[PDB]
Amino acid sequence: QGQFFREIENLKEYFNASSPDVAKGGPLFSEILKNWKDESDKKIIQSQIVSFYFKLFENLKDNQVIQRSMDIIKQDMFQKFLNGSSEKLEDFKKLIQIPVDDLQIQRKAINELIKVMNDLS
């Protein structure tokens, strides 16, 4: 709560994210978060939002100034969204990192479509 606020401020500082030039261009996630506030299937949307932050942080991994801020925020997302389950986290990380432009991966995906479709229905 106090370590978490400090960290978000640290990131806002680094990016210069508390300035008015930011609101310029419409919301990113805030509107969608309202649309699904009370939806029983909101995890569908939260999953995309959380994966976005993981990917963002992953690719800002070498900025020493914000490294720990990202580690703290990530750990928190992990606890709240993935119930601190380390097996769930490994799965989540594997899925978000899959490329769509790799042929070997495209074949596997097509190859597993029957199983995917059954899980959805």
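Residue numbers run from 1 along the displayed sequence.
The PDB entry reports B-factors from which the mean C-alpha value can be compared for 69 to 77 and 23 to 31; the larger average falls on 23 to 31. Mean CA temperature factor is higher for 35 to 43 when stretches 35 to 43 and 52 to 60 are set side by side in the entry.
In this PDB entry, the Cα temperature factor of residue 90 sits in the middle third of its chain's modelled residues. Remark: residue 111 belongs to the lowest third of its chain, ranked by C-alpha B-factor as recorded.
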